[PDB]
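These notes concern the structure reproduced below.
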Amino acid sequence: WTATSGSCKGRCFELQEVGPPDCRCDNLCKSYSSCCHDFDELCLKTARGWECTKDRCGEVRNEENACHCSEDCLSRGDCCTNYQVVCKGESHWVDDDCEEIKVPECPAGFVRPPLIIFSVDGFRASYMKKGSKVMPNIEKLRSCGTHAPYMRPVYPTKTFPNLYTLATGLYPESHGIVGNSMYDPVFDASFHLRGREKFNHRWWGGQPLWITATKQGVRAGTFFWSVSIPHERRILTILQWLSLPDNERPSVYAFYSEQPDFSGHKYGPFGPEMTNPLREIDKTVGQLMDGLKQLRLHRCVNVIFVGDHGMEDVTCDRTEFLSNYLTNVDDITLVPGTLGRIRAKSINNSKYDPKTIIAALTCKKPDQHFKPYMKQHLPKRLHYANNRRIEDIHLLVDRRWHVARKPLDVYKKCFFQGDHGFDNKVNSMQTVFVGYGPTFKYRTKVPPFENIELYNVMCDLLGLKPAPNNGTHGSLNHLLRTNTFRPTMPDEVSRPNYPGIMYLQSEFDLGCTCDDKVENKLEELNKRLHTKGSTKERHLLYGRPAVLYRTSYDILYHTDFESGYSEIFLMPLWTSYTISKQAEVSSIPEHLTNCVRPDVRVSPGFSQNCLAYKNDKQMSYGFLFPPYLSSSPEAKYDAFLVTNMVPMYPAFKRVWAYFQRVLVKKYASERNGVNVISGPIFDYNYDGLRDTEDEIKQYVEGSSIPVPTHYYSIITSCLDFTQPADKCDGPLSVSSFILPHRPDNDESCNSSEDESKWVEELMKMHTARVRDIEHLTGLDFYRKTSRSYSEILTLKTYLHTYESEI
Ligand SMILES: *[C@@H]1O[C@H](CO)[C@@H](O[C@@H]2O[C@H](CO)[C@@H](O[C@@H]3O[C@H](CO[C@H]4O[C@H](CO)[C@@H](O)[C@H](O[C@H]5O[C@H](CO)[C@@H](O)[C@H](O)[C@@H]5O[C@H]5O[C@H](CO)[C@@H](O)[C@H](O)[C@@H]5O)[C@@H]4O)[C@@H](O)[C@H](O[C@H]4O[C@H](CO)[C@@H](O)[C@H](O)[C@@H]4O[C@H]4O[C@H](CO)[C@@H](O)[C@H](O)[C@@H]4O)[C@@H]3O)[C@H](O)[C@H]2NC(C)=O)[C@H](O)[C@H]1NC(C)=O
Ligand SMILES: [Ca+2]
Ligand SMILES: [Cl-]
Ligand SMILES: [K+]
Ligand code: NA
Ligand code: NA
Ligand code: NA
Ligand SMILES: [Zn+2]
């Protein structure tokens with residue numbers, strides 16, 4: 001109940017909300033159907049419009065007006081934003097040359113530069129260039145401030161998951177807003193765009209920026225605006241808040257625009273009807289900057305112009321229907337559209353089986369425009385699995401397409417020409433970032449980055465300590481003039497052992513054989529030096545990775561590679577090697593085809609054994625340092641050590657072998673040498689974090705050899721490719737992947753063909769950031785370079801996307 005019989009007199013857009021049955025006057029009251037009777041009359045005045053005119057200059061205050069042009073309005077803080085231009089001969093902010101803002105130039109009583117977040121829905125990265133003629137204010141923010149060519153949203157590329165990621169620094173799987181529509185099975189409750197349940201606090205996890213601010217004594221303007229409040233009124237309210245006394249005035253503010261997303265759905269991303277929404281947005285920015293200028297705040301406030309996601313061309317005809325694949329269509333519930341999430345319609349139906357649903361949806365039609373996954377098999381870069389609200393069965397939908405259950409859904413519920421929600425590496429989904437103000441850099445372009453990074457920077461701008469989040473704090477220090485965050489590298493938790501020769505060949509009963517009993521102090525002194533680490537500077541270019549958890553492991557040196565070998569998991573945590581541009585691929589000799597050799601440095605008890613592989617009819621093995629890339633026939637024997645061996649399904653061996661035989665040499669050729677670090681990953685609970693030993697769900701049959709869920713590789717070289725990878729004086733370049741370790745290649749519909757036709761496509765899909773690998777392995781890479789640590793954090797957050805240029 002709301003007894004709407006109180007009054008909003010003096011309370012218009014009050015900052016502290018009042019609990020019922022007192023009526024509300026806050027900027028969200030409309031949405032709860034709870035405003036005081038006089039809310040519209042008092043708080044939503046429109047009389048005379050939004051702009052001063054020559055005749056209004058000097059006028060007598062008439063409180064009925066939407067904004068004012070009287071002499072007192074500056075002190076009242078409620079002039080129309082164009083007051084000083086019309087009545088005082090000032091220029092519009094957009095007409096003034098830009099001038100570096102080296103320090104905040106704030107009125108007395110401002111304790112810190114305010115932050116204003118200007119968020120625009122559906123603002124596709126390419127609008128900055130393509131719409132530049134009609135967005136002069138935005139273009140000025142962009143060229144004078146700090147900007148990225150694009151900012152990567154999170155998956156799914158929907159509005160609420162992205163706005164709440166902006167606010168929290170968390171992946172949707174952690175913050176809990178995993179789509180625009182959701183079912184939570186613990187609550188037995190549904191979340192929808194339309195309705196009331198979405199305001200229940202239990203949906204919203206983590207700690208959004210306005211709560212972070214408040215808890216640390218920094219006052220926040222309310223972030224949320226009712227759809228019916230006109231943009232001009234939103235701006236005037238923020239400007240009025242900025243005129244409050246010091247003890248009452250917020251330091252952080254947000255504006256939200258429903259455009260261009262609203263018209264983009266209707267007309268598609270580049271429909272001719274899209275020019276006007278882009279003009280109108282620019283005009284709103286203009287009003288803000290003019291109003292800031294009037295208040296002497298245009299060189300004091302930090303302004304962020306940021307989108308939530310882009311917009312793609314999508315029409316009714318481009319829909320895949322599950323009724324064309326499944327006979328059992330009415331026993332499922334589908335969350336439809338630019339992604340698919342499937343669960344059983346009834347938890348009482350015992351005949352429901354996810355495995356037969358997946359099979360019925362896998363590679364069934366020539367150019368099928370969606371791909372089914374169990375959520376734990378989705379590309380790890382999406383970080384989209386660790387939440388009970390995300391259904392076990394997921395469909396990744398091709399850009400430009402929708403998926404739906406039955407045709408009746410699409411014609412009984414063409415309208416739209418645009419939509420979003422696709423894979424967050426898709427170019428059309430990319431959105432914008434511009435920072436302008438004293439704390440941002442001047443005329444500076446920065447590389448694209450992910451929106452999970454912004455929360456940390458917004459905390460930096462306000463002097464706040466960020467709640468724990470998925471940003472890598474420091475990785476965006478290069479956007480900032482001051483207020484950088486200077487982290488220290490994590491401390492190593494486990495120091496390695498350096499074992500020497502401690503076991504005789506006959507102490508090993510592993511069931512392994514090798515044709516290697518073929519026999520010199522010239523080369524005997526040489527091989528001892530290699531085993532002591534004489535070549536380690538060539539193969540370990542950035543220092544050994546640090547182990548950030550408690551475990552027992554050994555460093556093993558070889559001519560061609562160095563490894564950190566886990567006595568607990570019985571395989572390397574990492575293997576590091578360098579392949580120069582000049583290196584040559586050899587084959588595995590015939591006499592060595594099935595060779596596995598005990599490692600005399602590592603006890604039989606801490607070794608894999610070949611018999612388990614023989615007995616395990618499903619599981620085979622591969623090597624982390626590949627025999628193909630051995631530097632010499634003698635060095636090749638090191639590659640067959642039992643300590644270089646890892647469990648691999650034969651289906652996966654196809655992938656791994658092509659990567660090691662073909663692609664590594666190819667990258668060395670193209671990149672002028674590469675350094676490779678490869679290893680296993682164990683994430684059986686799909687939380688994106690390293691499993692402890694007691695979390696492992698699968699072993700090589702009859703043994704304690706744990707089966708990885710994924711294999712990673714990190715491929716590093718010189719950004720200036722005129723220098724070889726092993727002699728690089730400047731910035732690095734990296735690409736990585738986290739390949740799913742799967743017993744079939746069902747994911748790749750063309751896998752019956754030669755590996756040159758499908759393997760690279762699979763690897764591109766499973767591209768990753770080094771940071772993703774860090775979370776998954778508890779390792780910390782790039783510990784010894786000549787680069788600044790912030791630069792290295794930026795490198796670690798880099799994602800190679802394989803999309804063409806924006
Ligand atoms: C991205 O960044 C985020 C933030 O840093 C990382 O997420 C953190 O990861 C931690 C490790 O997984 C996790 O720590 C756990 O917290 C438990 C208490 O957490 C509550 O309080 C915090 C603090 O306010 C709060 O944030 C949590 O909120 C979560 O849950 C609520 C309600 O469900 C949601 O509204 C909210 O959205 C959020 O959900 C997300 O996280 C949970 C897990 O907490 C997931 O289940 C969800 O799907 C969703 O993703 C909580 O309200 C604490 O109890 C845990 O401790 C248990 O486990 C440890 C293991 O070391 C053990 O030592 C303890 O004894 C304890 O075990 C006992 O309980 C077990 C489970 O019941 C049981 O099996 C045992 O037998 C024991 O009895 C643990 O410390 C931290 O909470 C989250 N934080 C957030 C915000 O998600 C994330 O990992 C980063 N991602 C990547 C890839 O890097
Ligand atoms: Ca895990
Ligand atoms: Cl959704
Ligand atoms: K086998
Ligand atoms: Na053998
Ligand atoms: Na032998
Ligand atoms: Na296949
Ligand atoms: Zn939209």
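Order determines the names: the first chain of the structure tokens is A, the second B, and so forth; residues in each chain are numbered 1 upward, and ligands are numbered 1 upward as they are shown.
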
Report the closest atom pair, with its distance in Å rounded to one decimal, for each residue of chain A that has an atom no farther than 10 Å from ligand 4; count only C-alpha atoms and all ligand atoms, sort by chain and then rising residue number, and write it as CSV.
residue,atom,partner,partner_atom_place_in_ligand_line,distance
A:610,CA,ligand 4,1 (K),9.0
A:611,CA,ligand 4,1 (K),8.7
A:612,CA,ligand 4,1 (K),7.5
A:613,CA,ligand 4,1 (K),4.3
A:614,CA,ligand 4,1 (K),4.6
A:615,CA,ligand 4,1 (K),6.0
A:616,CA,ligand 4,1 (K),4.4
A:617,CA,ligand 4,1 (K),4.3
A:618,CA,ligand 4,1 (K),5.6
A:619,CA,ligand 4,1 (K),4.4
A:620,CA,ligand 4,1 (K),4.4
A:621,CA,ligand 4,1 (K),7.7
A:647,CA,ligand 4,1 (K),9.3
A:648,CA,ligand 4,1 (K),9.1
A:649,CA,ligand 4,1 (K),8.3
A:650,CA,ligand 4,1 (K),8.6
A:700,CA,ligand 4,1 (K),8.8
A:701,CA,ligand 4,1 (K),9.1

How would the residues just chosen look if you wrote them out with N, CA and C atoms as a PDB file, in the first residue's frame?
ATOM      1  N   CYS A 610      52.760 -46.214 -18.107  1.00  0.00           N
ATOM      2  CA  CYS A 610      52.237 -46.503 -19.458  1.00  0.00           C
ATOM      3  C   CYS A 610      51.134 -47.543 -19.456  1.00  0.00           C
ATOM      4  N   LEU A 611      51.137 -48.400 -18.441  1.00  0.00           N
ATOM      5  CA  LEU A 611      50.144 -49.452 -18.307  1.00  0.00           C
ATOM      6  C   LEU A 611      48.733 -48.914 -18.125  1.00  0.00           C
ATOM      7  N   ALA A 612      48.580 -47.840 -17.349  1.00  0.00           N
ATOM      8  CA  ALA A 612      47.287 -47.212 -17.199  1.00  0.00           C
ATOM      9  C   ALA A 612      46.745 -46.757 -18.555  1.00  0.00           C
ATOM     10  N   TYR A 613      47.616 -46.220 -19.402  1.00  0.00           N
ATOM     11  CA  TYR A 613      47.200 -45.791 -20.726  1.00  0.00           C
ATOM     12  C   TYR A 613      46.817 -46.967 -21.576  1.00  0.00           C
ATOM     13  N   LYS A 614      47.531 -48.077 -21.434  1.00  0.00           N
ATOM     14  CA  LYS A 614      47.207 -49.279 -22.197  1.00  0.00           C
ATOM     15  C   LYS A 614      45.839 -49.803 -21.794  1.00  0.00           C
ATOM     16  N   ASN A 615      45.627 -49.955 -20.485  1.00  0.00           N
ATOM     17  CA  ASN A 615      44.364 -50.415 -19.926  1.00  0.00           C
ATOM     18  C   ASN A 615      43.162 -49.482 -20.175  1.00  0.00           C
ATOM     19  N   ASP A 616      43.403 -48.171 -20.195  1.00  0.00           N
ATOM     20  CA  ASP A 616      42.330 -47.203 -20.440  1.00  0.00           C
ATOM     21  C   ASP A 616      42.039 -47.127 -21.922  1.00  0.00           C
ATOM     22  N   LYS A 617      40.957 -47.780 -22.336  1.00  0.00           N
ATOM     23  CA  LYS A 617      40.603 -47.862 -23.752  1.00  0.00           C
ATOM     24  C   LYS A 617      40.164 -46.515 -24.351  1.00  0.00           C
ATOM     25  N   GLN A 618      39.695 -45.609 -23.505  1.00  0.00           N
ATOM     26  CA  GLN A 618      39.274 -44.266 -23.944  1.00  0.00           C
ATOM     27  C   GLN A 618      40.413 -43.247 -23.998  1.00  0.00           C
ATOM     28  N   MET A 619      41.438 -43.441 -23.175  1.00  0.00           N
ATOM     29  CA  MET A 619      42.388 -42.355 -22.940  1.00  0.00           C
ATOM     30  C   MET A 619      43.741 -42.662 -23.569  1.00  0.00           C
ATOM     31  N   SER A 620      44.315 -41.710 -24.283  1.00  0.00           N
ATOM     32  CA  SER A 620      45.667 -41.892 -24.800  1.00  0.00           C
ATOM     33  C   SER A 620      46.579 -40.846 -24.130  1.00  0.00           C
ATOM     34  N   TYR A 621      47.720 -40.503 -24.733  1.00  0.00           N
ATOM     35  CA  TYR A 621      48.591 -39.457 -24.193  1.00  0.00           C
ATOM     36  C   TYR A 621      49.232 -38.611 -25.282  1.00  0.00           C
ATOM     37  N   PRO A 647      47.613 -36.812 -20.241  1.00  0.00           N
ATOM     38  CA  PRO A 647      46.497 -37.618 -20.756  1.00  0.00           C
ATOM     39  C   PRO A 647      45.715 -36.851 -21.818  1.00  0.00           C
ATOM     40  N   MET A 648      45.499 -37.526 -22.937  1.00  0.00           N
ATOM     41  CA  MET A 648      44.752 -36.987 -24.064  1.00  0.00           C
ATOM     42  C   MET A 648      43.866 -38.012 -24.742  1.00  0.00           C
ATOM     43  N   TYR A 649      42.588 -37.673 -24.838  1.00  0.00           N
ATOM     44  CA  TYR A 649      41.692 -38.459 -25.666  1.00  0.00           C
ATOM     45  C   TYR A 649      42.216 -38.390 -27.070  1.00  0.00           C
ATOM     46  N   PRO A 650      42.067 -39.493 -27.844  1.00  0.00           N
ATOM     47  CA  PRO A 650      42.497 -39.539 -29.258  1.00  0.00           C
ATOM     48  C   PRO A 650      41.832 -38.461 -30.114  1.00  0.00           C
ATOM     49  N   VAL A 700      42.832 -41.358 -15.277  1.00  0.00           N
ATOM     50  CA  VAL A 700      43.196 -42.423 -16.190  1.00  0.00           C
ATOM     51  C   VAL A 700      42.930 -43.734 -15.435  1.00  0.00           C
ATOM     52  N   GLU A 701      42.224 -44.644 -16.089  1.00  0.00           N
ATOM     53  CA  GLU A 701      41.670 -45.837 -15.434  1.00  0.00           C
ATOM     54  C   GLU A 701      42.722 -46.615 -14.640  1.00  0.00           C
TER      55      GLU A 701
END

Inset, instruction - Can you pull out every residue within 8 Å of stretch 347-359 of chain A, counting only C-alpha atoms, but drop anything in the same chain fewer than 5 positions away, and send it as a count of residues only? - result: 6

Inset, instruction - Produce as JSON, numbers by chain the set of residues near ligand 8, where near means within 9 Å with only C-alpha atoms and all ligand atoms considered. - result: {"A": [121, 122, 158, 159, 258, 260, 261, 262, 264, 265, 309, 310, 311, 418, 419, 420, 421]}

Legend entry - Selection: 10 Å around residue A:238, only C-alpha atoms, excl. self and same-chain fewer than 3 positions, as JSON, numbers by chain: {"A": [13, 116, 221, 222, 233, 234, 235, 241, 242, 243, 250, 252, 253, 254, 255, 288, 291, 292]}

Put those residues in a file: N, CA, C and O atoms, as a compact mmCIF listing (two decimals), in the first residue's frame.
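The result, stored in out00.txt:
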# COMPACT_ATOMS: atom_id res chain seq x y z
N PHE A 13 13.01 14.68 -6.60
CA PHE A 13 14.24 13.91 -6.80
C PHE A 13 15.12 13.95 -5.55
O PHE A 13 16.34 14.19 -5.62
N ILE A 116 30.78 11.79 -13.48
CA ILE A 116 29.48 11.67 -14.13
C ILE A 116 29.59 10.57 -15.18
O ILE A 116 30.40 10.69 -16.10
N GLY A 221 24.55 10.21 -6.37
CA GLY A 221 23.25 10.50 -6.99
C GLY A 221 22.58 9.17 -7.33
O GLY A 221 23.25 8.16 -7.50
N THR A 222 21.26 9.14 -7.41
CA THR A 222 20.60 7.87 -7.74
C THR A 222 20.87 7.57 -9.23
O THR A 222 20.76 8.48 -10.05
N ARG A 233 15.25 16.61 -18.42
CA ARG A 233 14.93 16.73 -17.01
C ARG A 233 15.98 15.96 -16.22
O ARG A 233 16.32 16.32 -15.10
N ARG A 234 16.51 14.90 -16.81
CA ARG A 234 17.51 14.10 -16.11
C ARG A 234 18.76 14.95 -15.91
O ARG A 234 19.34 14.97 -14.82
N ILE A 235 19.16 15.64 -16.97
CA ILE A 235 20.34 16.50 -16.99
C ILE A 235 20.14 17.66 -15.98
O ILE A 235 21.04 17.98 -15.20
N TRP A 241 21.68 18.92 -8.56
CA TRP A 241 22.33 18.18 -7.47
C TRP A 241 23.72 18.72 -7.23
O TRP A 241 24.16 18.79 -6.08
N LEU A 242 24.39 19.10 -8.32
CA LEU A 242 25.74 19.67 -8.28
C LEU A 242 25.79 21.07 -7.69
O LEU A 242 26.86 21.55 -7.36
N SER A 243 24.63 21.71 -7.57
CA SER A 243 24.57 23.01 -6.90
C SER A 243 24.26 22.86 -5.41
O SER A 243 24.14 23.84 -4.73
N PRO A 250 26.16 15.02 -4.02
CA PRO A 250 26.90 13.80 -4.35
C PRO A 250 28.20 14.04 -5.11
O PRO A 250 28.39 15.08 -5.73
N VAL A 252 29.27 11.25 -7.17
CA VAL A 252 29.13 10.35 -8.32
C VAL A 252 27.68 10.37 -8.80
O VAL A 252 26.72 10.37 -8.00
N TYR A 253 27.54 10.47 -10.12
CA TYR A 253 26.26 10.62 -10.81
C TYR A 253 26.20 9.71 -12.02
O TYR A 253 27.25 9.41 -12.63
N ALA A 254 24.99 9.31 -12.40
CA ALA A 254 24.79 8.58 -13.66
C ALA A 254 23.61 9.11 -14.48
O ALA A 254 22.53 9.39 -13.94
N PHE A 255 23.83 9.21 -15.79
CA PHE A 255 22.76 9.46 -16.73
C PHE A 255 22.60 8.18 -17.56
O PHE A 255 23.58 7.53 -17.83
N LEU A 288 24.55 18.93 -21.06
CA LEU A 288 25.33 18.61 -19.88
C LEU A 288 26.58 19.47 -19.82
O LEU A 288 26.80 20.16 -18.83
N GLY A 291 25.85 23.07 -19.23
CA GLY A 291 25.40 23.27 -17.85
C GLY A 291 26.58 23.18 -16.89
O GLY A 291 26.63 23.92 -15.91
N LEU A 292 27.51 22.27 -17.15
CA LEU A 292 28.75 22.20 -16.35
C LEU A 292 29.56 23.49 -16.52
O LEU A 292 30.03 24.07 -15.53

Inset, instruction - Can you tell me which residues come within 12 Å of ligand 3 when counting only C-alpha atoms and all ligand atoms, ideally as a ChimeraX atom specification? - result: /A:155-162,172,177-183,190-193,334-342,389-391,394-395,419-422

Legend entry - Residues within 6 Å of ligand 6, counting only C-alpha atoms and all ligand atoms, as a VMD selection string: chain A and resid 513 to 517

For the selection just defined, write its residues with N, CA and C atoms to a file, as a PDB file, in the first residue's frame.
ATOM      1  N   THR A 513      58.199 -48.545 -22.555  1.00  0.00           N
ATOM      2  CA  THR A 513      59.389 -48.983 -23.269  1.00  0.00           C
ATOM      3  C   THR A 513      59.874 -47.857 -24.176  1.00  0.00           C
ATOM      4  N   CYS A 514      61.166 -47.881 -24.484  1.00  0.00           N
ATOM      5  CA  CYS A 514      61.727 -47.018 -25.514  1.00  0.00           C
ATOM      6  C   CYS A 514      62.937 -47.684 -26.137  1.00  0.00           C
ATOM      7  N   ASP A 515      63.006 -47.621 -27.463  1.00  0.00           N
ATOM      8  CA  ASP A 515      64.204 -48.026 -28.199  1.00  0.00           C
ATOM      9  C   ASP A 515      65.296 -46.932 -28.121  1.00  0.00           C
ATOM     10  N   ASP A 516      65.893 -46.779 -26.945  1.00  0.00           N
ATOM     11  CA  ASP A 516      66.849 -45.692 -26.734  1.00  0.00           C
ATOM     12  C   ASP A 516      68.222 -46.135 -26.208  1.00  0.00           C
ATOM     13  N   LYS A 517      68.421 -47.444 -26.066  1.00  0.00           N
ATOM     14  CA  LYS A 517      69.704 -47.975 -25.589  1.00  0.00           C
ATOM     15  C   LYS A 517      70.794 -47.978 -26.677  1.00  0.00           C
TER      16      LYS A 517
END

Inset, instruction - Please write out the residues within 12 Å of ligand 7 as number ranges by chain, counting only C-alpha atoms and all ligand atoms. - result: A: 359, 362-364, 371, 651-652, 654-655, 742-755, 757-759, 762

Would you mind listing, for every residue of chain A within 6 Å of ligand 1, the two atoms forming the shortest contact and the distance between them in Å to one decimal, using only C-alpha atoms and all ligand atoms, sorted by chain and ascending residue number, as JSON lines?
{"residue": "A:170", "atom": "CA", "partner": "ligand 1", "partner_atom_place_in_ligand_line": "1 (C)", "distance": 5.6}
{"residue": "A:173", "atom": "CA", "partner": "ligand 1", "partner_atom_place_in_ligand_line": "50 (O)", "distance": 4.9}
{"residue": "A:174", "atom": "CA", "partner": "ligand 1", "partner_atom_place_in_ligand_line": "50 (O)", "distance": 3.6}
{"residue": "A:175", "atom": "CA", "partner": "ligand 1", "partner_atom_place_in_ligand_line": "37 (O)", "distance": 4.3}
{"residue": "A:176", "atom": "CA", "partner": "ligand 1", "partner_atom_place_in_ligand_line": "37 (O)", "distance": 4.7}
{"residue": "A:202", "atom": "CA", "partner": "ligand 1", "partner_atom_place_in_ligand_line": "35 (O)", "distance": 6.0}
{"residue": "A:205", "atom": "CA", "partner": "ligand 1", "partner_atom_place_in_ligand_line": "37 (O)", "distance": 3.5}
{"residue": "A:206", "atom": "CA", "partner": "ligand 1", "partner_atom_place_in_ligand_line": "86 (C)", "distance": 4.4}
{"residue": "A:386", "atom": "CA", "partner": "ligand 1", "partner_atom_place_in_ligand_line": "48 (O)", "distance": 4.9}
{"residue": "A:387", "atom": "CA", "partner": "ligand 1", "partner_atom_place_in_ligand_line": "48 (O)", "distance": 3.6}
{"residue": "A:388", "atom": "CA", "partner": "ligand 1", "partner_atom_place_in_ligand_line": "48 (O)", "distance": 5.9}
{"residue": "A:468", "atom": "CA", "partner": "ligand 1", "partner_atom_place_in_ligand_line": "5 (O)", "distance": 4.1}
{"residue": "A:469", "atom": "CA", "partner": "ligand 1", "partner_atom_place_in_ligand_line": "2 (O)", "distance": 4.2}
{"residue": "A:470", "atom": "CA", "partner": "ligand 1", "partner_atom_place_in_ligand_line": "1 (C)", "distance": 4.2}
{"residue": "A:688", "atom": "CA", "partner": "ligand 1", "partner_atom_place_in_ligand_line": "93 (C)", "distance": 4.3}
{"residue": "A:689", "atom": "CA", "partner": "ligand 1", "partner_atom_place_in_ligand_line": "93 (C)", "distance": 5.8}
{"residue": "A:775", "atom": "CA", "partner": "ligand 1", "partner_atom_place_in_ligand_line": "94 (O)", "distance": 5.6}

Given the selection you just returned, output its residues as a file containing N, CA, C and O atoms, formatted as a PDB file, in the first residue's frame.
ATOM      1  N   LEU A 170      31.991  -7.287 -11.984  1.00  0.00           N
ATOM      2  CA  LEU A 170      31.843  -8.753 -11.970  1.00  0.00           C
ATOM      3  C   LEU A 170      31.314  -9.346 -13.272  1.00  0.00           C
ATOM      4  O   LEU A 170      30.542  -8.723 -13.968  1.00  0.00           O
ATOM      5  N   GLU A 173      27.939 -14.276 -14.236  1.00  0.00           N
ATOM      6  CA  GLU A 173      27.848 -15.512 -13.434  1.00  0.00           C
ATOM      7  C   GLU A 173      28.112 -15.221 -11.946  1.00  0.00           C
ATOM      8  O   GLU A 173      27.638 -15.965 -11.075  1.00  0.00           O
ATOM      9  N   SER A 174      28.849 -14.144 -11.636  1.00  0.00           N
ATOM     10  CA  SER A 174      29.126 -13.809 -10.230  1.00  0.00           C
ATOM     11  C   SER A 174      28.124 -12.806  -9.671  1.00  0.00           C
ATOM     12  O   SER A 174      27.725 -12.936  -8.516  1.00  0.00           O
ATOM     13  N   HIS A 175      27.747 -11.801 -10.469  1.00  0.00           N
ATOM     14  CA  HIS A 175      26.761 -10.824 -10.005  1.00  0.00           C
ATOM     15  C   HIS A 175      25.298 -11.327 -10.040  1.00  0.00           C
ATOM     16  O   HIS A 175      24.440 -10.796  -9.328  1.00  0.00           O
ATOM     17  N   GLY A 176      25.045 -12.347 -10.864  1.00  0.00           N
ATOM     18  CA  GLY A 176      23.758 -13.061 -10.868  1.00  0.00           C
ATOM     19  C   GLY A 176      22.742 -12.591 -11.893  1.00  0.00           C
ATOM     20  O   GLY A 176      21.683 -13.252 -12.086  1.00  0.00           O
ATOM     21  N   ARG A 202      17.443  -9.738  -3.984  1.00  0.00           N
ATOM     22  CA  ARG A 202      18.107 -11.051  -4.032  1.00  0.00           C
ATOM     23  C   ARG A 202      18.644 -11.419  -5.418  1.00  0.00           C
ATOM     24  O   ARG A 202      19.488 -12.300  -5.528  1.00  0.00           O
ATOM     25  N   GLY A 205      23.628  -9.417  -7.093  1.00  0.00           N
ATOM     26  CA  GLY A 205      24.788  -9.739  -6.241  1.00  0.00           C
ATOM     27  C   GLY A 205      25.928  -8.724  -6.316  1.00  0.00           C
ATOM     28  O   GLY A 205      25.814  -7.670  -6.955  1.00  0.00           O
ATOM     29  N   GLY A 206      27.020  -9.037  -5.626  1.00  0.00           N
ATOM     30  CA  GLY A 206      28.190  -8.159  -5.542  1.00  0.00           C
ATOM     31  C   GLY A 206      27.877  -6.786  -4.965  1.00  0.00           C
ATOM     32  O   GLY A 206      26.882  -6.598  -4.280  1.00  0.00           O
ATOM     33  N   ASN A 386      29.113 -20.734 -13.886  1.00  0.00           N
ATOM     34  CA  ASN A 386      29.035 -20.902 -12.433  1.00  0.00           C
ATOM     35  C   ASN A 386      27.865 -20.104 -11.791  1.00  0.00           C
ATOM     36  O   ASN A 386      28.085 -19.181 -10.992  1.00  0.00           O
ATOM     37  N   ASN A 387      26.635 -20.409 -12.193  1.00  0.00           N
ATOM     38  CA  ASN A 387      25.448 -19.816 -11.540  1.00  0.00           C
ATOM     39  C   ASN A 387      24.272 -20.753 -11.795  1.00  0.00           C
ATOM     40  O   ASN A 387      24.085 -21.209 -12.917  1.00  0.00           O
ATOM     41  N   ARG A 388      23.525 -21.071 -10.737  1.00  0.00           N
ATOM     42  CA  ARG A 388      22.368 -21.976 -10.837  1.00  0.00           C
ATOM     43  C   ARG A 388      21.313 -21.361 -11.744  1.00  0.00           C
ATOM     44  O   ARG A 388      20.357 -22.040 -12.142  1.00  0.00           O
ATOM     45  N   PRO A 468      35.870  -6.814  -3.952  1.00  0.00           N
ATOM     46  CA  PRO A 468      36.530  -7.841  -4.798  1.00  0.00           C
ATOM     47  C   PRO A 468      35.751  -8.048  -6.126  1.00  0.00           C
ATOM     48  O   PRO A 468      34.493  -8.141  -6.155  1.00  0.00           O
ATOM     49  N   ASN A 469      36.484  -8.013  -7.226  1.00  0.00           N
ATOM     50  CA  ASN A 469      35.837  -8.038  -8.534  1.00  0.00           C
ATOM     51  C   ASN A 469      36.746  -8.709  -9.559  1.00  0.00           C
ATOM     52  O   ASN A 469      37.876  -9.119  -9.212  1.00  0.00           O
ATOM     53  N   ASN A 470      36.241  -8.835 -10.793  1.00  0.00           N
ATOM     54  CA  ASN A 470      36.959  -9.539 -11.879  1.00  0.00           C
ATOM     55  C   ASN A 470      37.857  -8.676 -12.747  1.00  0.00           C
ATOM     56  O   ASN A 470      38.588  -9.194 -13.558  1.00  0.00           O
ATOM     57  N   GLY A 688      35.877 -21.338 -13.104  1.00  0.00           N
ATOM     58  CA  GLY A 688      36.928 -20.490 -13.670  1.00  0.00           C
ATOM     59  C   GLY A 688      38.184 -20.422 -12.826  1.00  0.00           C
ATOM     60  O   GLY A 688      39.078 -19.623 -13.109  1.00  0.00           O
ATOM     61  N   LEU A 689      38.242 -21.254 -11.776  1.00  0.00           N
ATOM     62  CA  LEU A 689      39.330 -21.276 -10.820  1.00  0.00           C
ATOM     63  C   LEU A 689      39.936 -22.676 -10.703  1.00  0.00           C
ATOM     64  O   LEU A 689      39.234 -23.678 -10.805  1.00  0.00           O
ATOM     65  N   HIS A 775      43.803 -17.530 -13.389  1.00  0.00           N
ATOM     66  CA  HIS A 775      42.697 -17.926 -12.487  1.00  0.00           C
ATOM     67  C   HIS A 775      42.598 -19.461 -12.456  1.00  0.00           C
ATOM     68  O   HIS A 775      42.390 -20.076 -11.402  1.00  0.00           O
TER      69      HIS A 775
END
